Amino acid sequence: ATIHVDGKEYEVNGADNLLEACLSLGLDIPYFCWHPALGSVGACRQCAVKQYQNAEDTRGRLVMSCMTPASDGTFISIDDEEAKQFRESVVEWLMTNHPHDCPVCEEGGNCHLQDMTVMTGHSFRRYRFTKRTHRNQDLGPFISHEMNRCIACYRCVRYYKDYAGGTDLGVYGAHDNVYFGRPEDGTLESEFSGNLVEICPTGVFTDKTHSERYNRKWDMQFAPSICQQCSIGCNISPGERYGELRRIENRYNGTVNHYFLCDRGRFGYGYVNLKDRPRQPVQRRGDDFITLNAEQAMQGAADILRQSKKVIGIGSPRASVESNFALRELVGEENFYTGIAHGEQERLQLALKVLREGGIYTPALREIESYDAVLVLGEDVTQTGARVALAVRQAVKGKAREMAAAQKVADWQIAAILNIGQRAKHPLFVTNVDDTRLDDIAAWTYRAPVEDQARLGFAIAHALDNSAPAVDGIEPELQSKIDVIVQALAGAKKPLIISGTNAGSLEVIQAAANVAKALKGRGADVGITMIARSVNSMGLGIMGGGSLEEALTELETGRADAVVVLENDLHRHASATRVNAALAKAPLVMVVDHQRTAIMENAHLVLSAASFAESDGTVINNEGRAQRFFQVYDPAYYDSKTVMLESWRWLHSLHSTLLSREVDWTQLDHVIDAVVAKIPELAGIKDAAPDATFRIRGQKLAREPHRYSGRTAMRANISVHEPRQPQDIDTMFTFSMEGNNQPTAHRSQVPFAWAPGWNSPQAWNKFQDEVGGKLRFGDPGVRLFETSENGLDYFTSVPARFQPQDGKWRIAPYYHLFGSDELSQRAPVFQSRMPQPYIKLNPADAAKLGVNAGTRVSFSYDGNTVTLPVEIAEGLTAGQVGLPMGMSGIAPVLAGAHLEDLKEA
Amino acid sequence: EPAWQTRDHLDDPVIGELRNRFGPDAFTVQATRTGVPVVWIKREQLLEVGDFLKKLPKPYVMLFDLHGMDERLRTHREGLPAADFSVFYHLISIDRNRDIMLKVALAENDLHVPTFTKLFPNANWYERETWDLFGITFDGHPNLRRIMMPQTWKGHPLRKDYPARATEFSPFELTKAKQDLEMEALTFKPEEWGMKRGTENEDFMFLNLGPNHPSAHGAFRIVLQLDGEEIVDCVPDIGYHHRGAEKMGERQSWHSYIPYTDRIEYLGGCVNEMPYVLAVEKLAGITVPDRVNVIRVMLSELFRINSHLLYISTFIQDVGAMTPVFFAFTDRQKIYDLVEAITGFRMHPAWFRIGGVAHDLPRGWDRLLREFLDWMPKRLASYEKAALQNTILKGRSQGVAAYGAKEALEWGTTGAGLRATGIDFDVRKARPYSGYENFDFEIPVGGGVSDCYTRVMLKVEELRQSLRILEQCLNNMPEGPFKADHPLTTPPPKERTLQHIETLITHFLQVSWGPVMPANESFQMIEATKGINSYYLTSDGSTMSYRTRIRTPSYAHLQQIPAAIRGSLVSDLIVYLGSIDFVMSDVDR
Amino acid sequence: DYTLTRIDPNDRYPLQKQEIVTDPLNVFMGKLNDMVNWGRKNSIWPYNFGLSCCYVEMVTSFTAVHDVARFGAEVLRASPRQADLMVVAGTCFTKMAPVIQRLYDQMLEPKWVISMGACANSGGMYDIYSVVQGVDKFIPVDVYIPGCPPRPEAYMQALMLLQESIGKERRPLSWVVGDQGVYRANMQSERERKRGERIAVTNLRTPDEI
Ligand SMILES: CCCCCCCCCCCCCCCCCC(=O)OC[C@H](COP(=O)(O)OCCN)OC(=O)CCCCCCCCCCCCCCCCC
Ligand SMILES: CCCCCCCCCCC1=C(C)C(=O)C(OC)=C(OC)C1=O
Ligand code: SF4
Ligand code: SF4
Ligand code: SF4
Ligand code: SF4
Ligand code: FES
Ligand SMILES: [Ca+2]
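Residue numbers (the deposited numbering), protein chains in the order written: chain G, 4 to 908; chain C, 12 to 600; chain B, 2 to 11, 15 to 29, 36 to 220.
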C-alpha cells in the first residue's frame, strides 16, 4: 500500500494500521493506549490525524491513526492545525486531574506522558478547579502503586488480562473515578507483573526495588546484558549508579524477549548489591585471614598449583563460556569437571542431542507464539522458563486470531479478535506432578509422576506413528485422553513439544523426542523446546566434561590434591556432607566466585570474581543461541581497594603464571578466539557480538546517556581529583557518554533506548526497522547450530508404571519462580516474596501418616533430619512427597530421589 | 510571515547570476533558517565561483568565515549532497548588504580542498584552523601547521570520534621528559617560517613578547624579529587560550551552553549571549516580545559601555598614562553595581535565556540607571581632557599602524577599524536584530584611514551612542512579559512551574534532557563590543547542538596584525596591540 | 600540627617532599622569626601574570575602588625574580602549563601561590581536552579561591588568608646556618570555622527587591 503524509509518498505495509505505519517511517504521532504487542483499542484518542480520501480535499476528517488501516491511497495529515489542536486538547484533558508529582515521581525523565506533553507543545494551564485523587493499594514487594498519576489508558488491564493471563488486576470505578488494581490489598501473583512498570505510560506502577535506592534515568550507567536467572536468556539492560546495580530494564530483542521480561529476571538482581560478597582476594593461613591484591595472589596460587601432582577444576552452569573454557585449559581437557551431577548432565546431554541432532527445528521464543498445538511434557514452564509460558499463551490465543483474520478483521483490532474468539483457543496439553499455572488455558492437565508422564508421551508417539515403541497397560479412560491429544496434535499445522531437564527424568525427554519425531514423520512443521536449568547449562553441555560425582571421588581417593571451584556452591548438585568431606580432605581448595558460598570455609584461596554486571562473556541459552553480555561498571572506580576481576581473566592469568611465571591479564577477544579455535562446536560465539575494535564512524558505544550528571562530584568525597575514566579493552563499549547511541547506527547491541523527544520505554520504536518487529540491522545473538539433515531414531526404553513402594517416598519437584534460582534467592527482596518451605502430601498418605496441614514432618536424607511443615496437595499422586527445589537445604538434585524415615516430628 | 521560517532563497540575484554563469546543473541550493543562500558547489568549481563572486558588479569583497564540518553523524541530511565532511565559506557583499554561504562536500578519504588564500589573504588562519581541528588538507596552502593545538598533538579535536572531556583521557602528569619536549615544541624555530635569521653584516634578534607581557592583553604570544629597534616581520602565535568551546557546544545542551557562550569574550557578556540565543530562537521558531528585546538591548549596551571603558583605559595605560584606568574602573564598578542588581552577577551574568531572560527587572533598577547616566558623561569629558587630547598620546597614536579600506576588507577587519576606513557596515543598522530599529543612535564613521587614535575616538563615540540608547531605553520602557509564550521557551516561567503541572513537565524535561529543537540550521550575526560576532548552529534534531561555529572579530584582527605593523617599531606594535580591542578568549575560543 | 616541604630537582612535578611535622618554636630567634614573618606578610609583591577572565578581575581589585594597595600588595612587578606571589588567575591551558611551570621556576622563594577562579582550582566549567584540570596538578598552591570570576573582595580576602598563613610559618633566616626546609602551618579550614555562622542564617532578601 502507498500512503501520502503531507504530500510525501510512503510505501507501507497494507495489513497494518496507520499509527505504527507512520512510526516505522519515523513520523511522530502522540499516543498512549496503543502498544505494538497488545493492539489497538482506540481509548486515549491521542493519535488523531486528518484523513483525506481524494488528493484535492479541504475538510477531511479527524480519524484515529491506530484504528484506521493503512490502505493504498490514504492522504493523512499529522501536522495540520486542527489535528494538532485536538491532540493538545487531549493532552490538556489528561493534565486536568494529574498531580503535581513530577519531582517525587520514579518515572521522571522516563515518563511517556511527559514526552507527549512536550511533544504536543502544551505548557499553559487554564484549568483552575480541583483535581480528583485516589487511594493506593499495597501490591507487594515489587510494584509501588500510585493511582493519582493514571490517565485511564487501559494498558495495564489489557496486558495483565488479555496478554499475561492474570486475574487479579482489573478496571473498576465509574465515569471519571476509574480505578485500576485489585479488589483488595495484596501481592500481584502473576509471574509477569514486572512488565507493568514499563507498560504503564505514567508513574502508577513503578519498580519498588528501584524506588528503594532511586536514581534518575540520565544518572543510570547502562549496559546490554543477558539475564542469568534461568536458561531462556532474555536480553536485559542493567543500569547502575554509585557502584551498585540499581535497576534491570527490558532490552528489545525481536527474536527472544521483545517487550516483556519476567519477575524473577527483573527483580532478582539484589544479590549483586550484597555486602557479604568477596571484593578482594582473601588468603587463609589456618585461622588468619589476609587480603591480597591480584599479583601476589596469582603468584602464590601458581606456586601451590605447581607444588601439586594434579589440579582439577569444577566448573558451573552459572558461569560464562569463556570462564569455563579458561578453567578447562588451566586444568587440562581430561581433568575438567562440570559442576552438575550425573543425572542432570545426562538429561542435559540428551536434550542437546535432541536439539542439535534430532532433525527437528527448535524455534526461538518469538517463533513460539505462532505454533498451533502445544504439548508440554514434564516441564513446569511457568515457574522455570516463564517467558516460554507467556509465548505459549500467545500461541493459544492464535486460534481466536485466526478466526478473526478469517472474517476480514485486521490484526491490530484486538478487541474484535477476542470478540469473535470468545472461549475457543488452541489445544494445550500440560503434564506435571501437580497443578500448574497454565491450567486456566490448557486443553488438558495430566497430574502424574514422571514415569506416567513419560508413558503418556510414548503412548502419543505410538498412536501417531505405529513404528514408535508401544506401551501396554493404559487404562481406557487415559487411552481416550491419549486419542484426544493425538487428534488435536495430528490435525494441527505447527505443533510444538516443550520439555526440559527440570522434570527430573530422562524418559520424559525421550518421550518428547519421540512425539516430535512422530509429528515430523507425518509431514508437519513441528518444533521442540527443551528448557534447561541454569543460564549457561547448554554451553557447559556443549563443551562437556565429567560429573560432580567423578570430581568428588577424585578428591576423596587422593588423586586430586588441588581443586579449583569456579562459581559453584557445590551443595546444589551434591550432598553437603560429602562435599565438605571431599573439600577438607583436599589440601588446596581455590574458590573463584563473586558470592559468599558455603564452601569458602574449606577454601584455601578465595578469588573475588565478577558477576554479570561486572564481567563480559558469552552465554548459550536453551535454544542454542550464543549471546554476549557486557560489563556495566568498573567496581574499582568508587572503591579503589577493590580487586574484583573477570573469572576468565583470573583463570587465564593463573594459567600464564603457572606456565611461564608471568602475570598476563588477557582480553576477551583472545579468549573468544581460543574457544572458537580449540572447540569447533562453539565457533558461533565469535559472531555473537563484534570485537572491541568495532566503531560506529570511528567512535565507541556509550554506556551512559548524553546527559549523565555529577561527573566532577560523585567521587569528590574520596578525592577532589577526578581520575581517568575506566577503559574497556575487552568490548566495543566505553564507560562514558563519548559514544554513539543514535537509533540509526549500524549496530545490534543497544545499551538503552533514547531518542530526542522519546524518553519512555516507548523509545524502542526508533531502534527497529518496523515498530514491533525485529530490531533494526538485525537482532543480536546467533544460533550455534542448524537443523540436522537427518534425525534420531525411536527411543525404545519405555519406563514402567509408578508403583508406590512402602517406606520409600519419591520426591516430586515443585519449582517456584522466586526461590529455585541459586542467585535470585540471595536477593533480599525475594525473601518477602518466596513462600515458606512446605512438604506437599496426598490427602490419603497424610491421613495414613495421621498428619494434618500445619504440623511438622521430619525427613532424613544423608544424615539430615530436617523438619518441614506440611501442605496438602490433592493433585499429587499417592506415594510421593512434594518438595520445593532450590530452597535452603533442598537441592534440585533431590528430584526423583527416595525419602525414607518420613515421620511426624 | 515570521523571520525564522526556512527560506530557500531563489529570489536573490546572486543565485540567478550563478545559474546563468555556471549552468543549471553546477550547484545545489539549500533551504535553511539561516537567512543565507546556501550553495553546495562542486570542489573543482570552487575557485571559479570565488573569482566570479570577487568580480561581480557589486562584488563579495569580504571573507567573513571559513570553516569545516563533520557530517558523518548527521542523520537528517535530506535535500543535501552526500558528504562525510564539508567546508563552508561565508562571504559578505557590503554594498549589496547581502551574504552567501558556499559549501563543498568531501569524502572521508579525499580530504583536500583547493586553497582560498590567494583570493582572500585572511583565509590563511582559517585554513590552518580547519586543518588542525578537522584534518582537512588545503592544496597550495603556504604553511599548513596547527594554530590551536601544539605541534606535538595526535588527532583532530573537532572530529566526532575524538573524545571531548579531559576526564576521559589520562590526567595531566607533568614529568621532566614531557616538560622538556613541550618546552622544545613551543620554541620558535625561524627556519620553519623562512625568517632568514641574521644578515651578512649584522644579526637579527628574535624577541618573544608574549605570553605574560604587560602589553600583551591575554595569552597572546608574538615572535618579533628586530634589527635594532625596527621590526622586520611578525609571527603571531595563538592557541595559548584554547578552551574548545565549539566541542562544548557539541557537548552541552541548548540551555546549559549559555554560560559557555557568555565566557567567549569576557568583556562582552550579554553581547556574547545575544547571537547564540537569537540563533536558538531561530531554530525553535520563537518570536520574543518587545520587553525582552528592550531588556536585551539595554544589557548589551551596558556591557558595551563596560568593554569600551576597559578598552579606553588599557589604551591610555599602554600609551603610558597610568592614572585614568582607576577612574575608568570606578565607572566599571558603577556598571557592575547595575548589572549585579539586574542579572545577579558582576561580569559573567549568564542571564539570557531561550525566548527571554532569566528573571524580571527588580524594583528600583531605574534609580541605579539614572545614577550611572548622571555619573558617566562628566567622567568621559574628564578622561578626554586628561589623556585623549594629550599631544604625547596623539604622537604615540596618530599615524601608527594605519591601513586603508582594502586592508580592512581583505583581512576581515570589522568594528572600529572597518568604520574608521569609511566602510559604514554596522550590523545594528544594516541587518537590525533584537528590535534595534526602535532606537535612534548615530554611527561613527572615520575619514578613510584606521589610525590608533581614529579607532579610539570611534569607540568613544560608540560609548556615547550606547549612553544615548540607554537613556532612550530608560525613559521609555514597556510593561509586558519577560519570557515568550512559546512552548519551546527554556526555561518556562517559574511561578507556573511551581503551581501548574504542564509547566512543571515542560521545565522538568527542558532542564533534564534539554529542549528538543527540530533538525534545522540557523545563523545569527551581531555587532559585538569588539567587532562582528556570529553564531552558526546546526541541529541534528537532538537536545544538543550538532555543530556550533563561533566567528569572532579578534581572530581576523590578529591575522591582520603582520600586514599593518611590518617595518614599524616595537612601540608602534605595542600601541597597535592596545588599539585593536582584542581578547584571547575571543581569538582562540 | 605543621608540615615540612623540602625541594630538590634531581621526576614528576612538583619536585618536593612533604611530611607532617611538629612546630619547633629560642628566646630571641623566635621573636626574630616573628619579625621576619611580619615583614614578609605586610609587604607582598604579586607577579603581573595573567591568563584569562580572572586576571581582569584581579586587576579590577588592583584599582581605586577596592584599593588592595592598603595591604601593601599593589607593587605588581612584571619580572618573576622581583615578584613575591604568583596569582594563577585564569585557565591553566595545556599549551601554557610549561610556561606557568617555567615562570614558577624563575620565581624565587619566599614564594606563594594563589589559585583564583574555578579554572585554576579544578579546571572549572572547561572539562575539555585542551585545559589542564586545575593548576595544582604541577605546582603547590597556597590559597584557593572559588568563583567564576571571584569578585575583587574575594581576592582581597584570599590575600589576607595568605597573610595569616605567612604569619604562622617557619622559614630559614639565613641560607648558611640552620635547616633549609619550609614549615607551613596546617591551619583550620575556613569551611569548618564558618560552619558556625553559616548554618544559623535563616532569612534572606527576596530577589525581586533591588
Ligand atoms: C625637580 C625636577 C622636576 C620638577 C617637576 C616639575 C617639572 C616636570 C617637567 C617634566 C618634563 C616632561 C617633558 C616631556 C617631553 C616629551 C617630548 C616628546 O617626546 O615630544 C614628542 C611629541 C610628539 O612629537 P611629534 O613631532 O609629533 O613626533 C615627530 C614624529 N614624526 O611632541 C608633542 O607631543 C608636542 C608637545 C611636546 C611637549 C614637551 C614638554 C613641554 C614641557 C614639559 C611639560 C610641562 C611641565 C610643567 C611646566 C610648568 C607648569 C606650571
Ligand atoms: C597598574 C595596576 C593595574 C591597573 C588596572 C588594570 C590595567 C589594565 C590591564 C589590562 C590587561 C588585561 C585586561 C589582560 O588581560 C592582560 O593579559 C593577561 C594584560 O597584560 C598583563 C593587561 O595588561
Ligand atoms: S507519571 Fe509522569 S506526568 Fe505523572 S507525576 Fe510522574 S513524571 Fe509527572
Ligand atoms: S494505570 Fe497506567 S497502564 Fe493502567 S490505565 Fe492508568 S496510565 Fe494506563
Ligand atoms: S524467563 Fe528466565 S531469562 Fe527471562 S527474565 Fe525470566 S529469569 Fe530471566
Ligand atoms: S574561572 Fe570563569 S572567570 Fe575565571 S578564567 Fe575560568 S571561565 Fe574565566
Ligand atoms: S493510540 Fe489511538 S486512541 Fe490511543
Ligand atoms: Ca571488561
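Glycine included, each C-beta is placed from N, C-alpha and C at the ideal position.
Check	Outcome
Inter-residue spacing [alpha-carbon to alpha-carbon] between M80 of chain C and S27 of chain G	30 angstroms
Closer than 8 angstroms at the beta carbon, the chain C residues around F225 of chain G	Chain C residues near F225 of chain G: none, gap ~15 angstroms exceeds 8 angstroms.
One or two residues paired with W761 of chain G in a DSSP bridge	G:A758
Check: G151 of chain C C-beta below 8 angstroms from any heavy atom of ligand 3	no
Residue burial classification, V379 of chain G (beta-carbon count within 10 angstroms, cutoff 16)	buried
Interface residues of chain G facing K171 of chain C [CB-CB closer than 8 angstroms]	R700, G701 and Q702
Stretch-stretch touch, CB-based, cutoff 8 angstroms, three pairs: the stretch 357-375 of chain G with the stretch 557-573 of chain G	no
Sequence-distant residues of its chain with Cβ nearer than 8 angstroms to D9 of chain B (five each side left out)	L19, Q20 and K21
Opening and closing residue of the beta strand (DSSP E) in which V594 of chain C lies	Where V594 of chain C is concerned, there is no enclosing beta strand (DSSP E), given that its DSSP letter is neither H nor E.
Residues that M555 of chain C bridges to, as DSSP identifies them	C:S264
Cut-off 7 angstroms between Cβ atoms - residues of its own chain near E179 of chain B, not counting five sequence neighbours on either side	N47, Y193, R194 and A195
Within the stretch 383-435 of chain G, ranges of the beta strand (DSSP E) (whole runs, at least 3 residues)	431-435
DSSP beta-bridge partners of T402 of chain C	BP columns for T402 of chain C are empty, so no partner.
Nearest to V97 of chain B (by Cα), restricted to the options B:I110, B:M106 and B:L183	B:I110
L879 of chain G versus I732 of chain G: straight-line alpha-carbon distance, rounded	54 angstroms
Listed by chain order, chain B residues near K187 of chain C by CB distance under 7 angstroms	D15
Spatial distance of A403 of chain G from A577 of chain G (CA atoms)	47 angstroms
Neighbourhood of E91 of chain G by C-beta, 7 angstroms cutoff - its chain only, sequence neighbours within 5 removed	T123, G124 and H125
Local Cβ density within 10 Å of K41 of chain B, reported as buried at 16 or more and exposed below that	exposed
Length at least 3, wholly inside the stretch 68-137 of chain G: the beta strand (DSSP E) runs in chain order	77-80
Three CB pairs or more closer than 8 angstroms across the stretch 769-785 of chain G and the stretch 498-518 of chain G	no
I501 of chain G Cβ short of 8 angstroms to ligand 5 heavy atom set	no
C-beta neighbour in chain B for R62 of chain G, strict 9 angstroms	no
The stretch 206-218 of chain C / the stretch 749-759 of chain G touching (three or more Cβ pairs under 8 angstroms)	no
Under 8 angstroms by beta carbon: chain B residues contacting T715 of chain G	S132 and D137
Nearest candidate by alpha-carbon position, reference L379 of chain C, set C:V98, C:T45 and C:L313	C:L313
Span separating the alpha-carbon of residue 3 of chain C from that of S140 of chain B	Within the shown structure, residues of chain C are numbered from 12 to 600, placing residue 3 of chain C beyond reach of any answer.
Outcome for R562 of chain C when other beta-carbon atoms lying within 10 angstroms are tallied against a minimum of 16	buried
Strand pairing of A99 of chain B, partner residues [DSSP]	B:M126
Terminal residues of the beta strand (DSSP E) in which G446 of chain C lies	Segment: none, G446 of chain C is in no beta strand (DSSP E) and carries neither H nor E.
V723 of chain G: contacting residues in chain B (beta-carbon distance under 8 angstroms)	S132
Within chain C, the residues that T6 of chain B reaches when beta carbons sit closer than 7 angstroms	By Cβ distance, chain C contributes nothing, its closest Cβ being about 18 angstroms from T6 of chain B, past 7 angstroms.
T621 of chain G, enclosing beta strand (DSSP E) - first and last residue	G620 to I623
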